[PDB]
Amino acid sequence: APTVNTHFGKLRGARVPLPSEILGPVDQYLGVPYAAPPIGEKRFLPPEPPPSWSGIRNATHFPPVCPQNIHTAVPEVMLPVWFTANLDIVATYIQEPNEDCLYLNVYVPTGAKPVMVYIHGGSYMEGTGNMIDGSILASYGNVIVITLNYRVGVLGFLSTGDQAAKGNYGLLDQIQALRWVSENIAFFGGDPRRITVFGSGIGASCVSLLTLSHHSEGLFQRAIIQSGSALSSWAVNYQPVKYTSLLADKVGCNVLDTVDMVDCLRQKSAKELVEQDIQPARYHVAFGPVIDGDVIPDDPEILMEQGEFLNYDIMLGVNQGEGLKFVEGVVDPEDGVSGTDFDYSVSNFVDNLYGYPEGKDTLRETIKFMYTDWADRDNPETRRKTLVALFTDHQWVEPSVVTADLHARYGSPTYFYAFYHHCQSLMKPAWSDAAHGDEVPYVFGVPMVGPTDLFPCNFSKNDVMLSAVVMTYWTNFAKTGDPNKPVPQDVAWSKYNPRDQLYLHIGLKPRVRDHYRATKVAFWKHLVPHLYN
Amino acid sequence: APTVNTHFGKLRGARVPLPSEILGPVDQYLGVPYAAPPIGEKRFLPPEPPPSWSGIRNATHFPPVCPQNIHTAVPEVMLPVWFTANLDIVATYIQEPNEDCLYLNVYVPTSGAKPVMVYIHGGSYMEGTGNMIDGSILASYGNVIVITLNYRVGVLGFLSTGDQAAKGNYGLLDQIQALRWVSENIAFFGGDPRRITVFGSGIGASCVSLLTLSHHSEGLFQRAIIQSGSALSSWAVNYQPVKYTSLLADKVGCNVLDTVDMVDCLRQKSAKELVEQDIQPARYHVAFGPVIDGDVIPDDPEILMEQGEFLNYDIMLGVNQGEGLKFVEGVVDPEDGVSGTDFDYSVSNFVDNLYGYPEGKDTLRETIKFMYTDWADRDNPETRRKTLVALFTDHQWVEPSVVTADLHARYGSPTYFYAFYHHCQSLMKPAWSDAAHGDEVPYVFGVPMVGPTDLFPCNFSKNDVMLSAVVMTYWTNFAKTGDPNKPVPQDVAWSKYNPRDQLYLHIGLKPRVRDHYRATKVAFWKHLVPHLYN
């Protein structure tokens, strides 16, 4: 009977043993409420402390998730491959969503440990931390892991552009639960002074926005930002009023007064709100974080150059083939791409991102030239690879590299990595590289357990080894802020600085390199702004 | 007493032994006239057959060179390094120029009729002669006949009024006349008229490339070697002849109403003054040179290339690593580096000189700056110097030559491409430089077997001798058969170049075969730059 006393009462979890002998059992407390239910009047309001419970709360099962709908159309390119490919299994977790969803789960190994807090996210529309089991890395690394479910969708990110609905409510739930962890993880044997928060995809964007938030001050010390950033085109919504008014239109309270319209939208059922389709601009988001002046006073890059996040230890990275779905729709059975298709895709990308400025033709020709392998011009498979690389560099690699440059500007510890490995399975085509979300199983130690319903890949021994080393780096950074100390591998991960640009090649043979795709990074960072107004 | 009978009479040469024992002696006939003296009235006229002589003509010494002046200002970038650096020794050869300067020199080895090479010298279309180069080494080693000729140069060689008064291209006409002479008379020396190749370096390579595009050159030669030159370079053909011609006429005060009367007045003047006049053309352009006349060059060179004139010739061509050395030497600090301000200044100046302030110049300048910046080592000045060299080297030499090669092997005509990645060590060139303009000529003519000379004081090692032997073997093999690999084997095979494989040979102390020599920059200059502006 694993029991823990907290500032709000006692709760009992369950001790679960891992299938493999080598790692010992972990004690998991499932569904701990961190805030008062955001229901009724609390809707579209900052979270508030949860009420106390007198007895001993049973924490063994999974509370209902926040209102979300996977069948509703969402930007497919954003969601991780293991999510869309296994939507069927996703349905088992996502069934029975409820508005009262502000809960978290804890996994504790059997002095004080670091505390990892993982923020999930698919598209700011769906997702839950209920998917992932934090047991395995907790057991191997001897770290306390927490998973969290926060308000999502309209209830989580609706904004009216004013005091009627400031928005950014998901971030508020995250800081509220981070405060909960800071105040109460010492009860579980954790180290409040050693707290790190990490996420993949959109969750990484949430974390990166948190390090730029004044409200996040003092709660956490380190962070990991995986395959995400606050500078991406789909990170922060710059036109909230338009989509908010569109939603208000569809549900039938469009009124002139924003306060009256939100008092309307409090009455409607959450099922109606989620079931709506609102299609934003391609490679943009409809409902998400907005520049409110309180949580995010200004544009992300502004807060970056100002120097808020220089006091945190940050490790971040990208994957080689993130933008798989940018090209999956056009690939022929010959595993190649025709020149007409290449031109069509590049032109469409320019149209979507840059919205027809002056000098568009020069930019289009420059992009076509820069991502064409002139040593193998005629080859279609190389065309497919470069068409992947275009989206992968522009959407993921460049913002993350800019982030790293802005962090280590004054010598603050920073680490950069590129994931060059992935499982083999049927969820993804064989010709693909490591796409979006394929690093997730390794960091959470799926290879130690083997194939599961969410990750049915055929795992080999090399998969287990790479899972071990990557999770070891993660835990070492959590404990010391150094991926190399105190536990050694049985290669040293050097620090990243703006002139050396030292990064870690993670793969079957990990190593140290420099200037990760520096040419394309500089092309996007420097040359592209000059061509157009 | 080496004597030879020709269609015009008998001549006496001299037998000379090479300093190295292994190579045999060669017989040289110096100053064989291939045309009538172009003096007075025949000035600014096409060449005419040389009058015949009854007796035996002495062919022992070097005739006077064509009227030219090394002291007068000339584009320094165009001239080869061994020329400008050893201008002092060049002065000894260049002394006492004369207008009676249509002569050639033959060097013959001592089985069967032998292939014939004709070397077209050239520094800048202003200067130079075939006298400084002694082909005895190449003749002895390769067992081939070598000819070095003198053609009209400067004002007398390329004056053009844009009309029938002065069509120009008289130097091209001179080399056509000499090619006709050797074609008709080399069999007397034991050569093979069906196997003749013409080759040149720098400007001479541009002359050869223009000749292969000329209708007047059909049937005289079969192969050609174009080294570090092209007909597509910015200084190959003068597109503004009338402006500089009128400038010269104004300078000498021969300005009258009728252009025919003007060229008559130029005929009346002394030869030296026409040389001494300073007429500085646009930077990286030429003042006096070949023009689009409609007779020798009917149209623009690329038009003749795409039309298919030169597909009947076997072509081998190549470039060097650091041709554009002079483009950066003026700005290099004693630390062997370049400041970012210097880099920006030089790049902007290059854009100004070449493209002349078009619409969208600002965007193109930034694109060019980005493309030639090593973003893996941005702050390093030495790599900045290397990239500043490579910019000029690619734009002026590599891109036109690669375009030429692509236009030749389009329908499968045999083509060969090479890149020279080696050079001697010497004081004429700074130690940090790669093979610059004119560092390949010593090896093809095999000076390393002799050792250091007045014109190449380089400190030759054994590797120099070996590489020189290999390259002259390749050259001679191509001349004999049209195959660099046949019949004499190296003691690597040079594959053919085609637009799809782009196979080339890496000539150096480590020879090998590669593909797509700097394909990225070649495509950048060939494709993106035209679209960048207008």
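Residue numbering for chain B follows Swiss-Prot; the residues present correspond to positions 41-150, 197-577, 591-633, in that order.
Backbone N, Cα and C atoms are what each Cβ position is placed from, and that goes for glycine too.
The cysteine that Swiss-Prot pairs with B:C351 in a disulfide, picked from B:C293, B:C340, is B:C340. Across the fold, the C-alpha of B:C141 (disulfide bond) and the C-alpha of B:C340 (disulfide bond) stand 25 Å from each other. Think of the gap as 46 residues with no coordinates, bounded by B:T150 and B:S197; the Cα atoms of those bounding residues are 10 Å apart. Rounded to the nearest whole angstrom, the C-alpha distance between B:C351 (disulfide bond) and B:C544 (disulfide bond) is 47. When the Cα atoms are compared, B:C510 (disulfide bond) and B:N545 (N-linked glycosylation site) turn out to be 7 Å apart. Look at the disulfide-bonded residues B:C106, B:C340 and count other Cβ atoms within 10 Å of each Cβ; B:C340 has the fewest. Candidate recorded positions: B:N98, B:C106, B:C340. Nearest to B:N545 (N-linked glycosylation site) by Cα distance: B:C106.
Cα of B:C106 (disulfide bond) to Cα of B:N98 (N-linked glycosylation site): a span of 20 Å. In the three-state DSSP scheme, B:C351 (disulfide bond) falls into the helix class. B:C340 (disulfide bond) and B:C544 (disulfide bond) are 47 Å apart (CA-CA, integer value).
With respect to Cβ neighbours within 10 Å, the disulfide-bonded residues B:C141, B:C351, B:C510, B:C544 differ, and B:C351 shows the lowest count. Between B:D577 and B:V591, the deposited structure omits 13 residues, and the straight-line distance between their CA atoms comes to 10 Å. A Cα-Cα distance of 40 Å separates B:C340 (disulfide bond) from B:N98 (N-linked glycosylation site).
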